[PDB]
file final.pdb (PDB, N, CA and C atoms)
ATOM      1  N   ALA P   1      -4.345  -8.998  -5.717  1.00  0.00           N
ATOM      2  CA  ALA P   1      -3.763  -8.952  -6.989  1.00  0.00           C
ATOM      3  C   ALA P   1      -4.086  -7.302  -7.108  1.00  0.00           C
ATOM      4  N   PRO P   2      -3.879  -6.704  -5.898  1.00  0.00           N
ATOM      5  CA  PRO P   2      -3.289  -5.457  -5.966  1.00  0.00           C
ATOM      6  C   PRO P   2      -2.105  -6.450  -6.018  1.00  0.00           C
ATOM      7  N   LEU P   3      -1.654  -5.804  -6.941  1.00  0.00           N
ATOM      8  CA  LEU P   3      -0.499  -6.411  -7.280  1.00  0.00           C
ATOM      9  C   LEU P   3      -0.138  -5.011  -7.163  1.00  0.00           C
ATOM     10  N   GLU P   4       0.184  -5.272  -5.972  1.00  0.00           N
ATOM     11  CA  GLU P   4       0.730  -4.727  -5.064  1.00  0.00           C
ATOM     12  C   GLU P   4       1.138  -3.534  -5.577  1.00  0.00           C
ATOM     13  N   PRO P   5       1.415  -2.993  -4.500  1.00  0.00           N
ATOM     14  CA  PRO P   5       1.943  -1.795  -4.703  1.00  0.00           C
ATOM     15  C   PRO P   5       3.263  -2.194  -5.311  1.00  0.00           C
ATOM     16  N   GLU P   6       3.756  -1.067  -5.381  1.00  0.00           N
ATOM     17  CA  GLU P   6       5.026  -0.911  -5.937  1.00  0.00           C
ATOM     18  C   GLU P   6       5.760  -0.067  -5.149  1.00  0.00           C
ATOM     19  N   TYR P   7       6.919  -0.557  -5.053  1.00  0.00           N
ATOM     20  CA  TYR P   7       7.830   0.159  -4.270  1.00  0.00           C
ATOM     21  C   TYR P   7       9.015   0.251  -5.100  1.00  0.00           C
ATOM     22  N   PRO P   8       9.522   1.419  -5.224  1.00  0.00           N
ATOM     23  CA  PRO P   8      10.821   1.541  -5.824  1.00  0.00           C
ATOM     24  C   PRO P   8      11.764   0.565  -5.261  1.00  0.00           C
ATOM     25  N   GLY P   9      12.269   0.970  -4.172  1.00  0.00           N
ATOM     26  CA  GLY P   9      13.222   0.045  -3.636  1.00  0.00           C
ATOM     27  C   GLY P   9      13.682   0.640  -2.435  1.00  0.00           C
ATOM     28  N   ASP P  10      13.453   1.915  -2.269  1.00  0.00           N
ATOM     29  CA  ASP P  10      13.989   2.357  -1.011  1.00  0.00           C
ATOM     30  C   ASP P  10      13.667   3.605  -0.574  1.00  0.00           C
ATOM     31  N   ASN P  11      14.026   4.366  -1.489  1.00  0.00           N
ATOM     32  CA  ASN P  11      13.801   5.732  -1.128  1.00  0.00           C
ATOM     33  C   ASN P  11      14.263   6.469  -2.171  1.00  0.00           C
ATOM     34  N   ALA P  12      13.227   6.464  -2.831  1.00  0.00           N
ATOM     35  CA  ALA P  12      13.279   7.183  -4.038  1.00  0.00           C
ATOM     36  C   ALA P  12      13.702   8.574  -3.588  1.00  0.00           C
ATOM     37  N   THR P  13      12.823   9.311  -3.013  1.00  0.00           N
ATOM     38  CA  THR P  13      13.191  10.651  -2.563  1.00  0.00           C
ATOM     39  C   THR P  13      12.508  10.616  -1.193  1.00  0.00           C
ATOM     40  N   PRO P  14      12.660  11.676  -0.434  1.00  0.00           N
ATOM     41  CA  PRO P  14      12.163  11.775   0.975  1.00  0.00           C
ATOM     42  C   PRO P  14      10.684  11.858   1.143  1.00  0.00           C
ATOM     43  N   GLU P  15      10.041  11.031   0.420  1.00  0.00           N
ATOM     44  CA  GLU P  15       8.583  11.076   0.511  1.00  0.00           C
ATOM     45  C   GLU P  15       7.952  10.010  -0.138  1.00  0.00           C
ATOM     46  N   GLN P  16       8.688   9.581  -1.070  1.00  0.00           N
ATOM     47  CA  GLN P  16       8.098   8.510  -1.776  1.00  0.00           C
ATOM     48  C   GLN P  16       7.610   7.423  -1.016  1.00  0.00           C
ATOM     49  N   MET P  17       8.458   7.278  -0.084  1.00  0.00           N
ATOM     50  CA  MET P  17       8.132   6.238   0.813  1.00  0.00           C
ATOM     51  C   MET P  17       6.720   6.485   1.362  1.00  0.00           C
ATOM     52  N   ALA P  18       6.512   7.747   1.690  1.00  0.00           N
ATOM     53  CA  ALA P  18       5.220   8.110   2.270  1.00  0.00           C
ATOM     54  C   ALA P  18       4.162   7.665   1.334  1.00  0.00           C
ATOM     55  N   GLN P  19       4.284   8.197   0.178  1.00  0.00           N
ATOM     56  CA  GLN P  19       3.327   7.853  -0.870  1.00  0.00           C
ATOM     57  C   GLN P  19       3.039   6.415  -0.994  1.00  0.00           C
ATOM     58  N   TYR P  20       4.155   5.824  -1.120  1.00  0.00           N
ATOM     59  CA  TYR P  20       4.147   4.417  -1.263  1.00  0.00           C
ATOM     60  C   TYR P  20       3.390   3.726  -0.126  1.00  0.00           C
ATOM     61  N   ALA P  21       3.725   4.108   1.067  1.00  0.00           N
ATOM     62  CA  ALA P  21       3.048   3.487   2.221  1.00  0.00           C
ATOM     63  C   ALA P  21       1.545   3.680   2.034  1.00  0.00           C
ATOM     64  N   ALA P  22       1.166   4.869   1.648  1.00  0.00           N
ATOM     65  CA  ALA P  22      -0.285   5.149   1.429  1.00  0.00           C
ATOM     66  C   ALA P  22      -0.866   4.143   0.423  1.00  0.00           C
ATOM     67  N   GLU P  23      -0.093   3.799  -0.563  1.00  0.00           N
ATOM     68  CA  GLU P  23      -0.620   2.823  -1.548  1.00  0.00           C
ATOM     69  C   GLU P  23      -0.877   1.508  -0.926  1.00  0.00           C
ATOM     70  N   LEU P  24       0.016   1.013  -0.109  1.00  0.00           N
ATOM     71  CA  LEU P  24      -0.452  -0.300   0.392  1.00  0.00           C
ATOM     72  C   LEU P  24      -1.492  -0.129   1.415  1.00  0.00           C
ATOM     73  N   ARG P  25      -1.421   0.923   2.126  1.00  0.00           N
ATOM     74  CA  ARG P  25      -2.465   1.065   3.121  1.00  0.00           C
ATOM     75  C   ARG P  25      -3.864   0.856   2.556  1.00  0.00           C
ATOM     76  N   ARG P  26      -3.927   1.322   1.378  1.00  0.00           N
ATOM     77  CA  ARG P  26      -5.163   1.204   0.676  1.00  0.00           C
ATOM     78  C   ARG P  26      -5.365  -0.223   0.368  1.00  0.00           C
ATOM     79  N   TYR P  27      -4.254  -0.771  -0.002  1.00  0.00           N
ATOM     80  CA  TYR P  27      -4.288  -2.154  -0.360  1.00  0.00           C
ATOM     81  C   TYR P  27      -4.915  -3.035   0.721  1.00  0.00           C
ATOM     82  N   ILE P  28      -4.301  -2.993   1.860  1.00  0.00           N
ATOM     83  CA  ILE P  28      -4.805  -3.801   2.986  1.00  0.00           C
ATOM     84  C   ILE P  28      -6.257  -3.569   3.186  1.00  0.00           C
ATOM     85  N   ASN P  29      -6.544  -2.314   3.224  1.00  0.00           N
ATOM     86  CA  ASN P  29      -7.926  -1.884   3.426  1.00  0.00           C
ATOM     87  C   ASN P  29      -8.888  -2.680   2.612  1.00  0.00           C
ATOM     88  N   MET P  30      -8.440  -2.749   1.414  1.00  0.00           N
ATOM     89  CA  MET P  30      -9.186  -3.454   0.429  1.00  0.00           C
ATOM     90  C   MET P  30      -9.352  -4.942   0.728  1.00  0.00           C
ATOM     91  N   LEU P  31      -8.247  -5.573   0.985  1.00  0.00           N
ATOM     92  CA  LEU P  31      -8.299  -7.048   1.287  1.00  0.00           C
ATOM     93  C   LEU P  31      -8.954  -7.529   2.580  1.00  0.00           C
ATOM     94  N   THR P  32      -8.602  -6.788   3.619  1.00  0.00           N
ATOM     95  CA  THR P  32      -9.083  -6.924   5.020  1.00  0.00           C
ATOM     96  C   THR P  32     -10.315  -6.399   4.630  1.00  0.00           C
ATOM     97  N   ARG P  33     -11.126  -6.701   5.518  1.00  0.00           N
ATOM     98  CA  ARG P  33     -12.394  -6.208   5.240  1.00  0.00           C
ATOM     99  C   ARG P  33     -12.627  -7.302   6.005  1.00  0.00           C
ATOM    100  N   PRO P  34     -12.946  -6.621   6.976  1.00  0.00           N
ATOM    101  CA  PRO P  34     -13.356  -7.308   7.875  1.00  0.00           C
ATOM    102  C   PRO P  34     -14.696  -7.210   7.234  1.00  0.00           C
ATOM    103  N   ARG P  35     -14.875  -8.222   7.849  1.00  0.00           N
ATOM    104  CA  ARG P  35     -15.962  -8.609   7.807  1.00  0.00           C
ATOM    105  C   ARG P  35     -15.719  -9.015   9.132  1.00  0.00           C
ATOM    106  N   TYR P  36     -16.677  -8.229   9.653  1.00  0.00           N
ATOM    107  CA  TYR P  36     -16.835  -8.320  11.039  1.00  0.00           C
ATOM    108  C   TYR P  36     -15.658  -7.481  11.681  1.00  0.00           C
TER     109      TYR P  36
END

call {"tool": "encode", "arguments": {"input": "final.pdb", "output": "structure tokens"}}
result
Amino acid sequence: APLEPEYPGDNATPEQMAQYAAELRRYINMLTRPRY
């Protein structure tokens, strides 16, 4: 209930996407956790 990232929808501009990807990356990080 990272509620989630947010994604515009496509491509906001030639980077957003980048940004955006960074946001979920964090997201996963957070959930995964490994443990172990």

call {"tool": "closest_residue", "arguments": {"input": "final.pdb", "among": "P:23, P:29, P:17, P:35", "to": "residue 5 in chain P", "atoms": "all atoms listed in the file"}}
result
P:23

call {"tool": "residues_near_point", "arguments": {"input": "final.pdb", "point": "(-3.6, -0.3, 0.9)", "cutoff": "12 Å", "atoms": "only C-alpha atoms", "output": "list in words"}}
result
residues 1, 2, 3, 4, 5, 6, 19, 20, 21, 22, 23, 24, 25, 26, 27, 28, 29, 30, 31, 32 and 33 of chain P

call {"tool": "select_by_dssp", "arguments": {"input": "final.pdb", "residues": "chain P", "states": "alpha helix (DSSP H)", "output": "count of residues only"}}
result
16

call {"tool": "build_atoms", "arguments": {"input": "final.pdb", "residues": "range 10-30 of chain P", "atoms": "N, CA, C and O atoms", "output": "compact mmCIF listing (two decimals), keeping the file's coordinate frame"}}
result
# COMPACT_ATOMS: atom_id res chain seq x y z
N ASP P 10 13.45 1.92 -2.27
CA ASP P 10 13.99 2.36 -1.01
C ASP P 10 13.67 3.60 -0.57
O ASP P 10 13.12 3.91 0.47
N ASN P 11 14.03 4.37 -1.49
CA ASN P 11 13.80 5.73 -1.13
C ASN P 11 14.26 6.47 -2.17
O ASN P 11 15.38 6.91 -2.37
N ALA P 12 13.23 6.46 -2.83
CA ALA P 12 13.28 7.18 -4.04
C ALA P 12 13.70 8.57 -3.59
O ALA P 12 14.84 8.94 -3.76
N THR P 13 12.82 9.31 -3.01
CA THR P 13 13.19 10.65 -2.56
C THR P 13 12.51 10.62 -1.19
O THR P 13 11.88 9.63 -0.86
N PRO P 14 12.66 11.68 -0.43
CA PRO P 14 12.16 11.78 0.98
C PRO P 14 10.68 11.86 1.14
O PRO P 14 10.15 12.63 1.92
N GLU P 15 10.04 11.03 0.42
CA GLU P 15 8.58 11.08 0.51
C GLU P 15 7.95 10.01 -0.14
O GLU P 15 6.84 9.62 0.11
N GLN P 16 8.69 9.58 -1.07
CA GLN P 16 8.10 8.51 -1.78
C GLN P 16 7.61 7.42 -1.02
O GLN P 16 6.64 6.78 -1.31
N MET P 17 8.46 7.28 -0.08
CA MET P 17 8.13 6.24 0.81
C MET P 17 6.72 6.48 1.36
O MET P 17 5.95 5.58 1.51
N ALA P 18 6.51 7.75 1.69
CA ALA P 18 5.22 8.11 2.27
C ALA P 18 4.16 7.66 1.33
O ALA P 18 3.29 6.88 1.65
N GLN P 19 4.28 8.20 0.18
CA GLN P 19 3.33 7.85 -0.87
C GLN P 19 3.04 6.42 -0.99
O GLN P 19 1.95 5.88 -1.00
N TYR P 20 4.16 5.82 -1.12
CA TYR P 20 4.15 4.42 -1.26
C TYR P 20 3.39 3.73 -0.13
O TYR P 20 2.56 2.87 -0.35
N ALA P 21 3.72 4.11 1.07
CA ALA P 21 3.05 3.49 2.22
C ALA P 21 1.54 3.68 2.03
O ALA P 21 0.78 2.77 2.23
N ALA P 22 1.17 4.87 1.65
CA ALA P 22 -0.28 5.15 1.43
C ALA P 22 -0.87 4.14 0.42
O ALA P 22 -1.99 3.70 0.54
N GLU P 23 -0.09 3.80 -0.56
CA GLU P 23 -0.62 2.82 -1.55
C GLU P 23 -0.88 1.51 -0.93
O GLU P 23 -1.92 0.95 -1.21
N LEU P 24 0.02 1.01 -0.11
CA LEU P 24 -0.45 -0.30 0.39
C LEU P 24 -1.49 -0.13 1.42
O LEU P 24 -2.35 -0.96 1.59
N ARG P 25 -1.42 0.92 2.13
CA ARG P 25 -2.46 1.06 3.12
C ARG P 25 -3.86 0.86 2.56
O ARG P 25 -4.79 0.33 3.14
N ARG P 26 -3.93 1.32 1.38
CA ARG P 26 -5.16 1.20 0.68
C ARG P 26 -5.36 -0.22 0.37
O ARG P 26 -6.45 -0.75 0.46
N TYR P 27 -4.25 -0.77 0.00
CA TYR P 27 -4.29 -2.15 -0.36
C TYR P 27 -4.92 -3.04 0.72
O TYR P 27 -5.90 -3.71 0.51
N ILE P 28 -4.30 -2.99 1.86
CA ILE P 28 -4.80 -3.80 2.99
C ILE P 28 -6.26 -3.57 3.19
O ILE P 28 -7.04 -4.48 3.28
N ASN P 29 -6.54 -2.31 3.22
CA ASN P 29 -7.93 -1.88 3.43
C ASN P 29 -8.89 -2.68 2.61
O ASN P 29 -9.92 -3.16 3.03
N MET P 30 -8.44 -2.75 1.41
CA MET P 30 -9.19 -3.45 0.43
C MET P 30 -9.35 -4.94 0.73
O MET P 30 -10.44 -5.46 0.70
